[PDB]
Amino acid sequence: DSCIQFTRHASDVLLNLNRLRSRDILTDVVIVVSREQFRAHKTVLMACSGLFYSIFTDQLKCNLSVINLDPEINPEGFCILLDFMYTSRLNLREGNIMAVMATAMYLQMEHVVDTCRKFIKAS
Amino acid sequence: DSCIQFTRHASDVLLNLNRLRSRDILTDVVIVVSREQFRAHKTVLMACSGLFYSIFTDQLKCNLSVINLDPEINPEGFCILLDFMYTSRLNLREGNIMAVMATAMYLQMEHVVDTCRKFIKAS
Amino acid sequence: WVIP
Amino acid sequence: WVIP
Ligand SMILES: CN(C)c1ncc(Cl)c(Nc2ccc3c(c2)CC(=O)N3)n1
Ligand SMILES: CN(C)c1ncc(Cl)c(Nc2ccc3c(c2)CC(=O)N3)n1
Ligand SMILES: [Cl-]
Ligand SMILES: [Cl-]
């Protein structure tokens, strides 16, 4: 086409979606990870994760307001990944990299799994 | 912080949100523009437009499944702007620039208004 | 704005 | 991935 493009548009959209999350505006699901609860937007979860994409395209699960993750999933690893979904920023540290990689493999977040594998290979 | 960043994350999120829109997945509102109807995600509309941000943060309007725009709003101008919201791409042409600028001013999409003003000033 |  |  003959379209023009605004370079910062996608980043600005994601920044506003994170502002909505932080104020708990139009969040439509709570993700339960052991004792911890995380409010989010189903569409953002689907856009970032192969697992949530499969869950919320399912004709029955699409209507659930509560999703319980596998008890092996670490709440901190999930929190770091949820922050990444809404910001593009990953808080990857020596003390959390194993939990982050395991959570990203379960959530099917291919690019996060790839950087975790590379950072582990380096050490 | 000590975060790493995935450059393409925001663009990939927006691309997936547009894929959900195209398949009518988890759309939660219909925007009525004269006779024309447009399905969308309230969160994406809010993230892109000062007008939708004001509408869906209102305690009563946040629950509406149908929003009717002012009858002066042109459906084609709206369609071009809705496509921009989900892609960062603006189909700006000599034949639509006046309708696009008027719709962007009404929707409070400051960056679109700015490029329309510049393209009009050039001609 | 750019030419994509 | 980059250092932001
Ligand atoms: C694959 N597809 C057509 C599609 N459409 C819409 C959405 Cl929201 C979506 N999201 C999704 C699916 C798989 C994966 C991801 C997002 C991230 C990932 O690593 N794998 N995937
Ligand atoms: C201003 N603010 C705190 C905020 N938080 C969340 C959202 Cl979704 C939001 N969106 C919004 C508001 C005003 C404008 C836009 C989006 C685009 C614009 O030109 N003006 N604005
Ligand atoms: Cl990823
Ligand atoms: Cl804009």
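Scope of the values below: all heavy atoms of this structure, side chains included, with no hydrogens, waters or symmetry mates. In what follows, chains are A, B, ... by sequence order, proteins preceding strands, each numbered from 1.
How far OG of B/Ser34 is from CD of B/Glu72: 9.5 Å, rounded to the nearest 0.5 Å. Interatomic distance, B/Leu17 CG to B/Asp12 CG, rounded to the nearest 0.5 Å: 11.0 Å. Annotation: the span from A/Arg19 atom CZ to B/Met46 atom CE amounts to 12.5 Å, rounded to 0.5 Å. We find the CD1-CZ distance between A/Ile25 and A/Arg39 to be 12.0 Å, quoted to the nearest 0.5 Å. Remark: A/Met109 CE to A/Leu90 CG distance equals 8.0 Å, nearest 0.5 Å. Taking CD1 from A/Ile73 and CD1 from A/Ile31, the interatomic distance works out to 12.5 Å, rounded to the nearest 0.5 Å.
At a threshold of 4.5 Å between non-hydrogen side-chain atoms, the residues A/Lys42 and A/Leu64 do not count as touching. Within the 4.5 Å cutoff, no side-chain heavy atoms of A/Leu69 are placed close to those of A/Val32. Using a 4.5 Å cut-off on side-chain heavy atoms (C-beta onward), B/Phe56 and B/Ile67 make contact. Between B/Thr103 and B/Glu76, every side-chain heavy-atom pair lies at or beyond the 4.5 Å cut-off. A heavy-atom distance below 4.5 Å is not found between the side chains of B/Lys61 and B/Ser54. Using a 4.5 Å heavy-atom cutoff, the side chains of A/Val100 and A/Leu81 are in contact.
Scanning all heavy atoms of the two residues, the minimum distance from B/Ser2 to A/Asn91 falls at OG-OD1, 4.1 Å. Of all heavy-atom pairs spanning A/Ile97 and A/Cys116, the tightest one is CD1-O, 3.7 Å. Minimum heavy-atom separation, A/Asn16 to B/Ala47: ND2-O, 2.9 Å. Listed here is the closest heavy atom pair of A/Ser88 and B/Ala10: OG-N, 3.7 Å. In plain terms, the two heavy atoms of A/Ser49 and A/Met85 that are nearest each other are CB-CE, 4.3 Å. Taking each heavy atom of B/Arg89 and C/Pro4 in turn, the nearest pair found is NH1-CG, 3.5 Å.
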Audit row: A/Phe6, B/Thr115, side-chain contact (heavy atoms from CB on, under 4.5 Å) steps and yes/no: CA-CA 10 Å; A/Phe6 193 66; B/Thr115 197; over 6 Å; no
A/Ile120/A/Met98 under side-chain contact (heavy atoms from CB on, under 4.5 Å): CA gap, chis, key distance, verdict: CA-CA 9 Å; A/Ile120 290 154; A/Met98 299 315 291; 3.7 Å; yes
Check step by step if side-chain contact (heavy atoms from CB on, under 4.5 Å) holds for A/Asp83 and A/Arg21. CA-CA 10 Å; A/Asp83 281 340; A/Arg21 180 176 66 120; 3.0 Å; yes
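Under the 3.5 Å distance criterion, the side-chain polar atoms of A/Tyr106 are matched with a main-chain donor or acceptor of A/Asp70. Without hydrogens or angle criteria, A/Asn18 side chain to A/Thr87 main chain gives no donor-acceptor distance under 3.5 Å.
The one candidate from B/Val29, B/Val44, B/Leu45, B/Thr43 that meets the side chain to side chain contact (heavy atoms under 4.5 Å, CB included) condition with B/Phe52 is B/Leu45.
There is no path of hydrophobic side-chain contacts, each under 4.5 Å, that joins B/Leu15 to A/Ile4.
Relative orientation of the A/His41 and A/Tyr86 rings is tilted, given thresholds of 30° and 60° on the angle between their planes.
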